[PDB]
Amino acid sequence: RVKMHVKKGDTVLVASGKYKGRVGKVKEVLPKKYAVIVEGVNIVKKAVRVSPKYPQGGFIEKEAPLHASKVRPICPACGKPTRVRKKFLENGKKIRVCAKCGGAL
Amino acid sequence: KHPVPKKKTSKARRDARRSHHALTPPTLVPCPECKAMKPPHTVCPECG
Amino acid sequence: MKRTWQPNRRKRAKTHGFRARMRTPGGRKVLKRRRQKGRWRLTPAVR
Amino acid sequence: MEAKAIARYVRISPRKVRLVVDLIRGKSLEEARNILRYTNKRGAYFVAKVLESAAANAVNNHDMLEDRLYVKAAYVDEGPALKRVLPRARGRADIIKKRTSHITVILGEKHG
RNA sequence: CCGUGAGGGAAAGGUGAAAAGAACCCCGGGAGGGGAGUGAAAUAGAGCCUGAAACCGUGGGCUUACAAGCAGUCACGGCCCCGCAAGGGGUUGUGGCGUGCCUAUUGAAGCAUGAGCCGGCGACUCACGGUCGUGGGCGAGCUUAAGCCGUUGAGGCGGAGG
RNA sequence: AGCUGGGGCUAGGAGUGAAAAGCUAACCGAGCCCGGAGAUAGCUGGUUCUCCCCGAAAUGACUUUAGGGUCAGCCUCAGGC
RNA sequence: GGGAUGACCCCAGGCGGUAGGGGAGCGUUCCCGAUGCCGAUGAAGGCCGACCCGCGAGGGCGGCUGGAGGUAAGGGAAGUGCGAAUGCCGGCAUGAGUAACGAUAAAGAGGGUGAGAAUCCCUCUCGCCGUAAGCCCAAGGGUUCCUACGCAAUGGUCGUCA
Ligand SMILES: [Mg+2]
Ligand SMILES: [Mg+2]
Ligand SMILES: [Mg+2]
Ligand SMILES: [Mg+2]
Ligand SMILES: [Mg+2]
Ligand SMILES: [Mg+2]
Ligand SMILES: [Mg+2]
Ligand SMILES: [Mg+2]
Ligand SMILES: [Mg+2]
Ligand SMILES: [Mg+2]
Ligand SMILES: [Mg+2]
Ligand SMILES: [Mg+2]
Ligand SMILES: [Mg+2]
Ligand SMILES: [Mg+2]
Ligand SMILES: [Mg+2]
Ligand SMILES: [Mg+2]
Ligand SMILES: [Mg+2]
Ligand SMILES: [Mg+2]
Ligand SMILES: [Mg+2]
Ligand SMILES: [Mg+2]
Ligand SMILES: [Mg+2]
Ligand SMILES: [Mg+2]
Ligand SMILES: [Mg+2]
Ligand SMILES: [Mg+2]
Ligand SMILES: [Mg+2]
Ligand SMILES: [Mg+2]
Ligand SMILES: [Mg+2]
Ligand SMILES: [Mg+2]
Ligand SMILES: [Mg+2]
Ligand SMILES: [Mg+2]
Ligand SMILES: [Mg+2]
Ligand SMILES: [Mg+2]
Ligand SMILES: [Mg+2]
Ligand SMILES: [Mg+2]
Ligand SMILES: [Mg+2]
Ligand SMILES: [Mg+2]
Ligand SMILES: [Mg+2]
Ligand SMILES: [Mg+2]
Ligand SMILES: [Mg+2]
Ligand SMILES: [Mg+2]
Ligand SMILES: [Mg+2]
Ligand SMILES: [Mg+2]
Ligand SMILES: [Mg+2]
Ligand SMILES: [Mg+2]
Ligand SMILES: [Mg+2]
Ligand SMILES: [Mg+2]
Ligand SMILES: [Mg+2]
Ligand SMILES: [Mg+2]
Ligand SMILES: [Mg+2]
Ligand SMILES: [Mg+2]
Ligand SMILES: [Mg+2]
Ligand SMILES: [Mg+2]
Ligand SMILES: [Mg+2]
Ligand SMILES: [Mg+2]
Ligand SMILES: [Mg+2]
Ligand SMILES: [Mg+2]
Ligand SMILES: [Mg+2]
Ligand SMILES: [Mg+2]
Ligand SMILES: [Mg+2]
Ligand SMILES: [Mg+2]
Ligand SMILES: [Mg+2]
Ligand SMILES: [Mg+2]
Ligand SMILES: [Mg+2]
Ligand SMILES: [Mg+2]
Ligand SMILES: [Mg+2]
Ligand SMILES: [Mg+2]
Ligand SMILES: [Mg+2]
Ligand SMILES: [Mg+2]
Ligand SMILES: [Mg+2]
Ligand SMILES: [Mg+2]
Ligand SMILES: [Mg+2]
Ligand SMILES: [Mg+2]
Ligand SMILES: [Zn+2]
């Protein structure tokens, strides 16, 4: 039911935090946490036990989810926009009110 | 019947009761062959 | 010494039982109240 | 440099175990080693464990040179007490508390 | 959970922005801990925000084994501490003085009630009438009720009646 | 006029009782639960920050009144003389 | 009286106090002030202070902690101040390492297992039940049965056993 803005296809900008400034592609999107994970932005170090693979290994780097609010869709040519919705026929859209463009895939 | 204490006894008075409660360390002698320590007139844990 | 609970499974279903309660208006109202309070068990559990 | 060990939630009474802790305070690690072995108290076991871990921790972690270790300071604080019901005459039921000790041995280096 | 049953009826919320919830190594049977590592912060480590008090404990300063007491207060002195000193903080040897709090009673230190100690909960209110006082509006007058209209938490109308 | 298992019936001013006001689910001269209910209590207890001023009574009359009250007396505040 | 119509100097007096009457203030929660102001260069809360203001209730300031809130001047409204109620809920003391550890049928040794054994396993000896303390059945109980891996708790000690 939760509406988001960005989806898996998207290229987004991380607009805040340690990773502020960087653009990348949302690798996964978790509506129920209101979180997107953008590979490869937000990386962290998890320690991991010696069972098979990481059978020797003690440390993994993984990319942490981000509050879906922290990121913005890039809009080809810019780094703004928000949302707009064009209808035409029969239905559907995303446009940049920045303006006016894709997503799409 | 059924005697009871009349006053909670003070932190001062219970601690002073305990002035004798302190332990004294075990009585120990060096062992005839091995390096180790033993209570006197006993059979040494090492090299009896 | 002989005490007050001498469990017998027939006596229990015959006395506090569900069909018991339902036979008498006194007892339908027992069930009504228990149901309204939202009791999990409306009536004693005998095996 | 100085090194410690803390045994936590040891099921034994602070009053009881404090007594043996007093036996080995300011002792060279070697006399402390001998005192607890021949002490007869359930708490000589538990202290000896904490003694060692601190001795281990000293050489093995903080690079302390074992032969000069003494017991700088040490003590048992009182952990959270588990309560149980002790049924009694005429229906009565007191509660007795099985208690808890936090044992702490703190080691430092002799100056010789 | 208690009760045969009708029925009674609790406690118990909070790591971090994010699990990044501590791989590995050391003592250990384990629990627990010490290094490592994460983290802005780990006495935020999961018995996890803040973390009071009673209560227990370790270290330090002053002190006490020929004094006797509601435990304090006045004074001088010794020791320790902060400093610019004539200064101030701590402690307390000797000397003066000194019958706990509350309640209830003509009278309580009272050998009369209540209280082990700490934290939190805990008792003169509201409505409509009445009566005085007071701050204002209008004054031979003053004043609307139900309701009607309107309203970003906008007010006005309404004179039955009193 | 025996003891006993199992199955039944009788109950709250009611039952039952070789009779003690015994027993009726560990307190029966009238069971327990929930409710009228925050019954009533002329009685006992308790009543929570600070400073300033003033400052009583424990008597009289009536009282199914006597450790409760109503009026008077004595306190206090405002205005007046 | 000072004539400043005063917030103020001078002079003169009064100021023990329970039931009570009266008056001025402090503080707590909340609202208007507020689309503001304080705040991560650190809010509320906490811990200290020998410092400053107030007669006092209180208010400041400073340091430490804490880490996301607070809320002036002026005014408004209350679930507004606790030491006592054999009060209520919780927490922690004292008695105290004290009484007990629940049938006086009774134990000893060797060996095994295990980090750890008076308490588990085996052997041997000893003791106690035997119209029972043995064995069957009915209630009632409800997986307690069997076996493997366990010992935080439960077991009035211990436990490797249950
Ligand atoms: Mg019989
Ligand atoms: Mg019972
Ligand atoms: Mg049957
Ligand atoms: Mg259900
Ligand atoms: Mg007993
Ligand atoms: Mg019993
Ligand atoms: Mg107790
Ligand atoms: Mg039941
Ligand atoms: Mg959080
Ligand atoms: Mg740590
Ligand atoms: Mg802290
Ligand atoms: Mg913290
Ligand atoms: Mg805690
Ligand atoms: Mg927080
Ligand atoms: Mg904490
Ligand atoms: Mg000390
Ligand atoms: Mg003499
Ligand atoms: Mg002397
Ligand atoms: Mg004196
Ligand atoms: Mg009292
Ligand atoms: Mg009295
Ligand atoms: Mg009297
Ligand atoms: Mg009298
Ligand atoms: Mg007395
Ligand atoms: Mg008396
Ligand atoms: Mg008294
Ligand atoms: Mg209190
Ligand atoms: Mg009124
Ligand atoms: Mg009025
Ligand atoms: Mg008027
Ligand atoms: Mg309308
Ligand atoms: Mg029969
Ligand atoms: Mg029957
Ligand atoms: Mg029968
Ligand atoms: Mg019947
Ligand atoms: Mg009758
Ligand atoms: Mg008979
Ligand atoms: Mg009953
Ligand atoms: Mg009876
Ligand atoms: Mg009756
Ligand atoms: Mg009656
Ligand atoms: Mg009524
Ligand atoms: Mg009442
Ligand atoms: Mg009556
Ligand atoms: Mg009453
Ligand atoms: Mg009359
Ligand atoms: Mg009376
Ligand atoms: Mg009168
Ligand atoms: Mg004067
Ligand atoms: Mg006065
Ligand atoms: Mg006077
Ligand atoms: Mg910061
Ligand atoms: Mg607040
Ligand atoms: Mg602060
Ligand atoms: Mg405010
Ligand atoms: Mg105000
Ligand atoms: Mg209140
Ligand atoms: Mg009081
Ligand atoms: Mg004694
Ligand atoms: Mg004795
Ligand atoms: Mg004994
Ligand atoms: Mg015995
Ligand atoms: Mg072996
Ligand atoms: Mg072995
Ligand atoms: Mg025989
Ligand atoms: Mg069966
Ligand atoms: Mg059972
Ligand atoms: Mg089971
Ligand atoms: Mg079995
Ligand atoms: Mg087994
Ligand atoms: Mg166990
Ligand atoms: Mg045990
Ligand atoms: Zn554009």
# chains A, B, ... in the order shown; residues from 1 in each chain; ligands from 1

call {"tool": "interface_residues", "arguments": {"of": "chain E", "to": "chain C", "cutoff": "9 Å", "atoms": "only C-alpha atoms (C1' of nucleotides)", "output": "PyMOL selection string"}}
result
chain E and resi 4-6

call {"tool": "write_last_selection", "arguments": {"atoms": "N, CA and C atoms (P, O5', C5', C4', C3', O3' and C1' of nucleotides)", "output": "PDB file, in the first residue's frame"}}
result
ATOM      1  P     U E   4     -11.623 -24.602  44.960  1.00  0.00           P
ATOM      2  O5'   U E   4     -12.582 -24.950  43.732  1.00  0.00           O
ATOM      3  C5'   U E   4     -12.445 -26.153  43.002  1.00  0.00           C
ATOM      4  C4'   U E   4     -13.732 -26.505  42.356  1.00  0.00           C
ATOM      5  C3'   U E   4     -14.407 -25.368  41.619  1.00  0.00           C
ATOM      6  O3'   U E   4     -14.021 -25.305  40.273  1.00  0.00           O
ATOM      7  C1'   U E   4     -15.933 -26.397  43.108  1.00  0.00           C
ATOM      8  P     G E   5     -13.789 -23.895  39.566  1.00  0.00           P
ATOM      9  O5'   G E   5     -15.263 -23.288  39.457  1.00  0.00           O
ATOM     10  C5'   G E   5     -16.311 -24.030  38.843  1.00  0.00           C
ATOM     11  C4'   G E   5     -17.678 -23.398  39.047  1.00  0.00           C
ATOM     12  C3'   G E   5     -17.742 -21.881  38.849  1.00  0.00           C
ATOM     13  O3'   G E   5     -18.042 -21.581  37.514  1.00  0.00           O
ATOM     14  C1'   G E   5     -18.750 -22.440  40.910  1.00  0.00           C
ATOM     15  P     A E   6     -17.488 -20.264  36.819  1.00  0.00           P
ATOM     16  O5'   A E   6     -18.459 -19.137  37.357  1.00  0.00           O
ATOM     17  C5'   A E   6     -19.766 -19.054  36.825  1.00  0.00           C
ATOM     18  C4'   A E   6     -20.718 -18.267  37.689  1.00  0.00           C
ATOM     19  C3'   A E   6     -20.362 -16.814  37.930  1.00  0.00           C
ATOM     20  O3'   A E   6     -20.720 -15.968  36.835  1.00  0.00           O
ATOM     21  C1'   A E   6     -20.962 -17.837  39.973  1.00  0.00           C
TER      22        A E   6
END

call {"tool": "residues_around", "arguments": {"residues": "residue A:51", "least_positions_apart": "6", "cutoff": "12 Å", "atoms": "only C-alpha atoms (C1' of nucleotides)", "output": "list in words"}}
result
residues 57 and 58 of chain A; 23 of chain E

call {"tool": "closest_atom_pairs", "arguments": {"of": "chain F", "to": "ligand 20", "cutoff": "12 Å", "atoms": "only C-alpha atoms (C1' of nucleotides) and all ligand atoms", "output": "JSON lines"}}
result
{"residue": "F:44", "atom": "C1'", "partner": "ligand 20", "partner_atom_place_in_ligand_line": "1 (Mg)", "distance": 11.0}
{"residue": "F:45", "atom": "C1'", "partner": "ligand 20", "partner_atom_place_in_ligand_line": "1 (Mg)", "distance": 7.5}
{"residue": "F:46", "atom": "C1'", "partner": "ligand 20", "partner_atom_place_in_ligand_line": "1 (Mg)", "distance": 8.8}

call {"tool": "closest_atom_pairs", "arguments": {"of": "chain G", "to": "ligand 50", "cutoff": "12 Å", "atoms": "only C-alpha atoms (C1' of nucleotides) and all ligand atoms", "output": "Markdown table"}}
result
| residue | atom | partner | partner_atom_place_in_ligand_line | distance |
| --- | --- | --- | --- | --- |
| G:14 | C1' | ligand 50 | 1 (Mg) | 11.5 |
| G:15 | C1' | ligand 50 | 1 (Mg) | 6.6 |
| G:16 | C1' | ligand 50 | 1 (Mg) | 7.2 |
| G:17 | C1' | ligand 50 | 1 (Mg) | 6.4 |

call {"tool": "write_last_selection", "arguments": {"atoms": "N, CA and C atoms (P, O5', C5', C4', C3', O3' and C1' of nucleotides)", "output": "PDB file, in the first residue's frame"}}
result
ATOM      1  P     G G  14       7.050  49.652  71.735  1.00  0.00           P
ATOM      2  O5'   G G  14       6.271  48.521  70.954  1.00  0.00           O
ATOM      3  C5'   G G  14       4.877  48.426  71.159  1.00  0.00           C
ATOM      4  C4'   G G  14       4.157  47.723  70.041  1.00  0.00           C
ATOM      5  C3'   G G  14       4.557  46.302  69.700  1.00  0.00           C
ATOM      6  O3'   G G  14       4.087  45.339  70.620  1.00  0.00           O
ATOM      7  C1'   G G  14       4.283  47.510  67.736  1.00  0.00           C
ATOM      8  P     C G  15       5.051  44.122  71.040  1.00  0.00           P
ATOM      9  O5'   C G  15       5.190  43.317  69.683  1.00  0.00           O
ATOM     10  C5'   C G  15       4.052  42.686  69.120  1.00  0.00           C
ATOM     11  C4'   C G  15       4.409  41.942  67.870  1.00  0.00           C
ATOM     12  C3'   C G  15       5.544  40.936  67.999  1.00  0.00           C
ATOM     13  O3'   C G  15       5.127  39.674  68.493  1.00  0.00           O
ATOM     14  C1'   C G  15       5.903  42.296  66.114  1.00  0.00           C
ATOM     15  P     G G  16       5.402  39.257  70.017  1.00  0.00           P
ATOM     16  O5'   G G  16       5.508  37.668  69.991  1.00  0.00           O
ATOM     17  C5'   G G  16       6.761  37.005  69.804  1.00  0.00           C
ATOM     18  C4'   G G  16       6.799  35.633  70.465  1.00  0.00           C
ATOM     19  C3'   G G  16       5.802  34.591  69.941  1.00  0.00           C
ATOM     20  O3'   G G  16       6.191  33.924  68.752  1.00  0.00           O
ATOM     21  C1'   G G  16       5.655  34.681  72.295  1.00  0.00           C
ATOM     22  P     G G  17       5.283  34.129  67.446  1.00  0.00           P
ATOM     23  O5'   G G  17       4.342  32.843  67.335  1.00  0.00           O
ATOM     24  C5'   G G  17       4.551  31.706  68.161  1.00  0.00           C
ATOM     25  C4'   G G  17       3.332  31.264  68.956  1.00  0.00           C
ATOM     26  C3'   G G  17       1.993  31.132  68.245  1.00  0.00           C
ATOM     27  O3'   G G  17       1.935  29.928  67.495  1.00  0.00           O
ATOM     28  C1'   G G  17       1.696  32.169  70.341  1.00  0.00           C
TER      29        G G  17
END

call {"tool": "closest_atom_pairs", "arguments": {"of": "chain F", "to": "ligand 33", "cutoff": "9 Å", "atoms": "only C-alpha atoms (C1' of nucleotides) and all ligand atoms", "output": "JSON lines"}}
result
{"residue": "F:6", "atom": "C1'", "partner": "ligand 33", "partner_atom_place_in_ligand_line": "1 (Mg)", "distance": 7.7}
{"residue": "F:7", "atom": "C1'", "partner": "ligand 33", "partner_atom_place_in_ligand_line": "1 (Mg)", "distance": 6.1}
{"residue": "F:8", "atom": "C1'", "partner": "ligand 33", "partner_atom_place_in_ligand_line": "1 (Mg)", "distance": 6.7}

call {"tool": "write_last_selection", "arguments": {"atoms": "N, CA and C atoms (P, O5', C5', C4', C3', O3' and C1' of nucleotides)", "output": "PDB file, in the first residue's frame"}}
result
ATOM      1  P     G F   6     -16.885 -42.724  45.631  1.00  0.00           P
ATOM      2  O5'   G F   6     -17.831 -43.409  44.550  1.00  0.00           O
ATOM      3  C5'   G F   6     -17.338 -43.803  43.287  1.00  0.00           C
ATOM      4  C4'   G F   6     -18.426 -44.455  42.510  1.00  0.00           C
ATOM      5  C3'   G F   6     -19.586 -43.563  42.183  1.00  0.00           C
ATOM      6  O3'   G F   6     -19.324 -42.647  41.141  1.00  0.00           O
ATOM      7  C1'   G F   6     -20.405 -45.615  42.957  1.00  0.00           C
ATOM      8  P     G F   7     -20.133 -41.264  41.154  1.00  0.00           P
ATOM      9  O5'   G F   7     -21.628 -41.731  40.948  1.00  0.00           O
ATOM     10  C5'   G F   7     -22.014 -42.210  39.686  1.00  0.00           C
ATOM     11  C4'   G F   7     -23.482 -42.467  39.616  1.00  0.00           C
ATOM     12  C3'   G F   7     -24.360 -41.268  39.890  1.00  0.00           C
ATOM     13  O3'   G F   7     -24.491 -40.415  38.773  1.00  0.00           O
ATOM     14  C1'   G F   7     -25.113 -43.075  41.184  1.00  0.00           C
ATOM     15  P     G F   8     -24.891 -38.876  38.988  1.00  0.00           P
ATOM     16  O5'   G F   8     -26.414 -38.965  39.461  1.00  0.00           O
ATOM     17  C5'   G F   8     -27.022 -37.946  40.265  1.00  0.00           C
ATOM     18  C4'   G F   8     -28.268 -38.451  40.967  1.00  0.00           C
ATOM     19  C3'   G F   8     -29.052 -37.449  41.781  1.00  0.00           C
ATOM     20  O3'   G F   8     -29.870 -36.579  41.015  1.00  0.00           O
ATOM     21  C1'   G F   8     -28.766 -39.422  43.031  1.00  0.00           C
TER      22        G F   8
END

call {"tool": "residues_around", "arguments": {"residues": "residue B:10", "least_positions_apart": "2", "cutoff": "12 Å", "atoms": "only C-alpha atoms (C1' of nucleotides)", "output": "NGL selection string"}}
result
(:B and (6-8 or 12-17)) or (:E and (116-117)) or (:G and (93-95))

call {"tool": "write_last_selection", "arguments": {"atoms": "N, CA, C and O atoms (P, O5', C5', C4', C3', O3' and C1' of nucleotides)", "output": "PDB file, in the first residue's frame"}}
result
ATOM      1  N   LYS B   6      13.975  -5.646  69.312  1.00  0.00           N
ATOM      2  CA  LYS B   6      13.230  -4.425  69.525  1.00  0.00           C
ATOM      3  C   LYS B   6      13.587  -3.304  68.515  1.00  0.00           C
ATOM      4  O   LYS B   6      12.770  -2.421  68.215  1.00  0.00           O
ATOM      5  N   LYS B   7      14.798  -3.320  67.996  1.00  0.00           N
ATOM      6  CA  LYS B   7      15.240  -2.232  67.136  1.00  0.00           C
ATOM      7  C   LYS B   7      15.981  -2.826  65.961  1.00  0.00           C
ATOM      8  O   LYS B   7      16.763  -3.764  66.167  1.00  0.00           O
ATOM      9  N   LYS B   8      15.776  -2.320  64.742  1.00  0.00           N
ATOM     10  CA  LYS B   8      16.661  -2.748  63.661  1.00  0.00           C
ATOM     11  C   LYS B   8      18.072  -2.486  64.140  1.00  0.00           C
ATOM     12  O   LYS B   8      18.345  -1.409  64.678  1.00  0.00           O
ATOM     13  N   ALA B  12      26.402   0.086  62.154  1.00  0.00           N
ATOM     14  CA  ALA B  12      27.586   0.139  62.975  1.00  0.00           C
ATOM     15  C   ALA B  12      27.642  -1.140  63.794  1.00  0.00           C
ATOM     16  O   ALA B  12      28.655  -1.821  63.838  1.00  0.00           O
ATOM     17  N   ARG B  13      26.530  -1.510  64.405  1.00  0.00           N
ATOM     18  CA  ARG B  13      26.601  -2.590  65.362  1.00  0.00           C
ATOM     19  C   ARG B  13      26.684  -3.949  64.688  1.00  0.00           C
ATOM     20  O   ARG B  13      27.219  -4.880  65.294  1.00  0.00           O
ATOM     21  N   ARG B  14      26.173  -4.111  63.471  1.00  0.00           N
ATOM     22  CA  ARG B  14      26.302  -5.456  62.883  1.00  0.00           C
ATOM     23  C   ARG B  14      27.689  -5.631  62.335  1.00  0.00           C
ATOM     24  O   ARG B  14      28.217  -6.725  62.359  1.00  0.00           O
ATOM     25  N   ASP B  15      28.293  -4.558  61.855  1.00  0.00           N
ATOM     26  CA  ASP B  15      29.615  -4.692  61.288  1.00  0.00           C
ATOM     27  C   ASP B  15      30.596  -4.985  62.431  1.00  0.00           C
ATOM     28  O   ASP B  15      31.519  -5.797  62.263  1.00  0.00           O
ATOM     29  N   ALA B  16      30.384  -4.379  63.601  1.00  0.00           N
ATOM     30  CA  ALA B  16      31.287  -4.620  64.717  1.00  0.00           C
ATOM     31  C   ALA B  16      31.140  -6.045  65.247  1.00  0.00           C
ATOM     32  O   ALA B  16      32.026  -6.573  65.915  1.00  0.00           O
ATOM     33  N   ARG B  17      30.010  -6.662  64.943  1.00  0.00           N
ATOM     34  CA  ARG B  17      29.733  -8.000  65.404  1.00  0.00           C
ATOM     35  C   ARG B  17      30.641  -8.884  64.640  1.00  0.00           C
ATOM     36  O   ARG B  17      31.075  -9.937  65.116  1.00  0.00           O
TER      37      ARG B  17
ATOM     38  P     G E 116       7.266   0.509  59.766  1.00  0.00           P
ATOM     39  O5'   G E 116       8.842   0.433  59.910  1.00  0.00           O
ATOM     40  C5'   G E 116       9.513   1.009  61.006  1.00  0.00           C
ATOM     41  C4'   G E 116      10.985   0.857  60.816  1.00  0.00           C
ATOM     42  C3'   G E 116      11.499   1.639  59.625  1.00  0.00           C
ATOM     43  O3'   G E 116      11.846   2.963  59.989  1.00  0.00           O
ATOM     44  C1'   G E 116      12.139  -0.639  59.414  1.00  0.00           C
ATOM     45  P     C E 117      11.105   4.246  59.347  1.00  0.00           P
ATOM     46  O5'   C E 117      12.076   4.592  58.124  1.00  0.00           O
ATOM     47  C5'   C E 117      13.483   4.654  58.353  1.00  0.00           C
ATOM     48  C4'   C E 117      14.311   4.451  57.109  1.00  0.00           C
ATOM     49  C3'   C E 117      13.776   5.097  55.851  1.00  0.00           C
ATOM     50  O3'   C E 117      14.014   6.498  55.780  1.00  0.00           O
ATOM     51  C1'   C E 117      14.321   2.872  55.363  1.00  0.00           C
TER      52        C E 117
ATOM     53  P     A G  93      19.301  -5.965  50.075  1.00  0.00           P
ATOM     54  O5'   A G  93      19.335  -5.035  51.359  1.00  0.00           O
ATOM     55  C5'   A G  93      19.239  -5.563  52.662  1.00  0.00           C
ATOM     56  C4'   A G  93      19.184  -4.436  53.655  1.00  0.00           C
ATOM     57  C3'   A G  93      19.288  -4.820  55.114  1.00  0.00           C
ATOM     58  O3'   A G  93      20.629  -4.979  55.517  1.00  0.00           O
ATOM     59  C1'   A G  93      17.487  -3.340  54.816  1.00  0.00           C
ATOM     60  P     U G  94      20.969  -6.223  56.430  1.00  0.00           P
ATOM     61  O5'   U G  94      20.107  -5.909  57.730  1.00  0.00           O
ATOM     62  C5'   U G  94      20.614  -5.118  58.790  1.00  0.00           C
ATOM     63  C4'   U G  94      19.702  -5.216  59.977  1.00  0.00           C
ATOM     64  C3'   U G  94      19.624  -6.568  60.670  1.00  0.00           C
ATOM     65  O3'   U G  94      20.633  -6.699  61.648  1.00  0.00           O
ATOM     66  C1'   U G  94      17.450  -5.651  60.344  1.00  0.00           C
ATOM     67  P     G G  95      21.528  -8.030  61.742  1.00  0.00           P
ATOM     68  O5'   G G  95      20.684  -8.999  62.659  1.00  0.00           O
ATOM     69  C5'   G G  95      20.185  -8.589  63.911  1.00  0.00           C
ATOM     70  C4'   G G  95      18.938  -9.350  64.220  1.00  0.00           C
ATOM     71  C3'   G G  95      19.068 -10.824  63.969  1.00  0.00           C
ATOM     72  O3'   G G  95      19.757 -11.450  65.038  1.00  0.00           O
ATOM     73  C1'   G G  95      17.059 -10.025  62.990  1.00  0.00           C
TER      74        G G  95
END

call {"tool": "residues_around", "arguments": {"residues": "residue G:62", "least_positions_apart": "2", "cutoff": "12 Å", "atoms": "only C-alpha atoms (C1' of nucleotides)", "output": "MDAnalysis selection string"}}
result
chainID G and resid 48:49 51:52 60 64

call {"tool": "residues_near_ligand", "arguments": {"ligand": "ligand 23", "cutoff": "10 Å", "atoms": "only C-alpha atoms (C1' of nucleotides) and all ligand atoms", "output": "MDAnalysis selection string"}}
result
chainID E and resid 104:107 112

call {"tool": "residues_near_ligand", "arguments": {"ligand": "ligand 69", "cutoff": "9 Å", "atoms": "only C-alpha atoms (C1' of nucleotides) and all ligand atoms", "output": "PDB file with C-alpha atoms (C1' of nucleotides), in the first residue's frame"}}
result
ATOM      1  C1'   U G 144       5.134 -37.575  33.862  1.00  0.00           C
ATOM      2  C1'   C G 145       6.417 -43.351  29.781  1.00  0.00           C
ATOM      3  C1'   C G 146      11.292 -44.993  26.265  1.00  0.00           C
ATOM      4  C1'   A G 162      16.055 -36.556  37.556  1.00  0.00           C
TER       5        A G 162
END

call {"tool": "residues_near_ligand", "arguments": {"ligand": "ligand 16", "cutoff": "10 Å", "atoms": "only C-alpha atoms (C1' of nucleotides) and all ligand atoms", "output": "count of residues only"}}
result
4

call {"tool": "residues_near_ligand", "arguments": {"ligand": "ligand 55", "cutoff": "10 Å", "atoms": "only C-alpha atoms (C1' of nucleotides) and all ligand atoms", "output": "JSON, numbers by chain"}}
result
{"G": [30, 31, 32, 33, 34, 70, 71, 72]}

call {"tool": "write_last_selection", "arguments": {"atoms": "C-alpha atoms (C1' of nucleotides)", "output": "PDB file, in the first residue's frame"}}
result
ATOM      1  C1'   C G  30      -1.536  23.225  31.025  1.00  0.00           C
ATOM      2  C1'   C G  31      -3.377  27.661  27.361  1.00  0.00           C
ATOM      3  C1'   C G  32      -2.772  32.870  24.906  1.00  0.00           C
ATOM      4  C1'   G G  33       2.156  35.503  24.154  1.00  0.00           C
ATOM      5  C1'   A G  34       4.165  32.047  19.456  1.00  0.00           C
ATOM      6  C1'   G G  70      12.706  24.095  26.577  1.00  0.00           C
ATOM      7  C1'   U G  71       9.840  28.336  26.642  1.00  0.00           C
ATOM      8  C1'   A G  72      10.679  35.243  29.121  1.00  0.00           C
TER       9        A G  72
END

call {"tool": "interface_residues", "arguments": {"of": "chain D", "to": "chain G", "cutoff": "9 Å", "atoms": "only C-alpha atoms (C1' of nucleotides)", "output": "number ranges by chain"}}
result
D: 15-16, 86

call {"tool": "atom_distance", "arguments": {"atom1": "atom CA of residue C:38", "atom2": "atom CA of residue C:25"}}
result
19.7 Å

call {"tool": "residues_around", "arguments": {"residues": "stretch 84-98 of chain E", "least_positions_apart": "5", "cutoff": "8 Å", "atoms": "only C-alpha atoms (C1' of nucleotides)", "output": "list in words"}}
result
residues 62, 63, 74 and 78 of chain E; 50 of chain G

call {"tool": "write_last_selection", "arguments": {"atoms": "C-alpha atoms (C1' of nucleotides)", "output": "PDB file, in the first residue's frame"}}
result
ATOM      1  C1'   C E  62      40.491  13.309  59.723  1.00  0.00           C
ATOM      2  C1'   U E  63      39.152  10.139  64.118  1.00  0.00           C
ATOM      3  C1'   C E  74      28.400  26.991  70.962  1.00  0.00           C
ATOM      4  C1'   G E  78      45.204  19.282  66.676  1.00  0.00           C
TER       5        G E  78
ATOM      6  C1'   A G  50      32.774  27.335  49.980  1.00  0.00           C
TER       7        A G  50
END

call {"tool": "residues_near_ligand", "arguments": {"ligand": "ligand 42", "cutoff": "7 Å", "atoms": "only C-alpha atoms (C1' of nucleotides) and all ligand atoms", "output": "list in words"}}
result
residues 36, 37 and 39 of chain F
